[PDB]
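**Student:** Chains as they are written, first to last, in the entry's author numbering: chain A, 52 to 102; chain V, 52 to 102.
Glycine is no exception: its CB is placed at the ideal position from the N, C-alpha and C atoms.
Before I ask anything, here is the structure I am working with.
2 protein chains.
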Amino acid sequence: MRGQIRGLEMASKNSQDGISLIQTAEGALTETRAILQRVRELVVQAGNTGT
Amino acid sequence: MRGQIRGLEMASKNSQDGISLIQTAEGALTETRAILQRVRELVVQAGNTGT
Numbered sequence: 052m053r054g055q056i057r058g059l060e061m062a063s064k065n066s067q068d069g070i071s072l073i074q075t076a077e078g079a080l081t082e083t084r085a086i087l088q089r090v091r092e093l094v095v096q097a098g099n100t101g102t
Numbered sequence: 052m053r054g055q056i057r058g059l060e061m062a063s064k065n066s067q068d069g070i071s072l073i074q075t076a077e078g079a080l081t082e083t084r085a086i087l088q089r090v091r092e093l094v095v096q097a098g099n100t101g102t
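Rendered as structure tokens:
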């Protein structure tokens, strides 16, 4: 029992840690998304400025 | 959604820009029209001054 208990709490810590890893990656991708938004704006503007 | 929103406002800016291009060309053609008016006057006057 004890084996699985302390192992289980450790596993939950491990899970939260995985979440925070995801938080970092998610923030990087958030910013990437902002960049790509700006890019698309420049593409549209480029589209009219073909003239 | 956001993609199409900011892209849409940018597209509207692009449209206004196209309008102002048309304003320039239209002014040039306005003046051209004044010239051609003067020309026609000179043609008519030339017509009687064939005599």
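Please state the DSSP three-state secondary structure of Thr75 of chain A.
**Tutor:** Helix, per DSSP.
**Student:** Using the C-alpha atoms, what's the distance from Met52 of chain V back to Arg84 of chain A?
**Tutor:** Looking at the two C-alpha atoms, the distance is approximately 13 Å.
**Student:** Relative to chain A, which residues along the segment 65-99 of chain V have a C-beta separation below 9 Å, given in chain order?
**Tutor:** Listed by position, the residues of the segment 65-99 of chain V near chain A (Cβ gap below 9 Å) are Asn65, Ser66, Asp68, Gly69, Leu72.
**Student:** So is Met52 of chain V in contact with chain A if we call contact Cβ pairs under 8 Å?
**Tutor:** So no, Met52 of chain V is outside the interface.
**Student:** Evaluate the contact criterion for the segment 79-94 of chain A versus the segment 57-64 of chain A: three or more CB pairs, one atom per stretch, below 8 Å.
**Tutor:** Taking 8 Å as the limit for Cβ pairs, the verdict is that the segment 57-64 of chain A does not touch the segment 79-94 of chain A.
**Student:** Closest Cβ-Cβ distance between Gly58 of chain V and chain A: below 8 Å?
**Tutor:** Chain A, which has a Cβ nearer than 8 Å to the Cβ of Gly58 of chain V, makes this yes.
**Student:** Taking the C-alpha atoms as reference points, what is the distance between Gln55 of chain A and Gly54 of chain V?
**Tutor:** One C-alpha to the other measures close to 48 Å.
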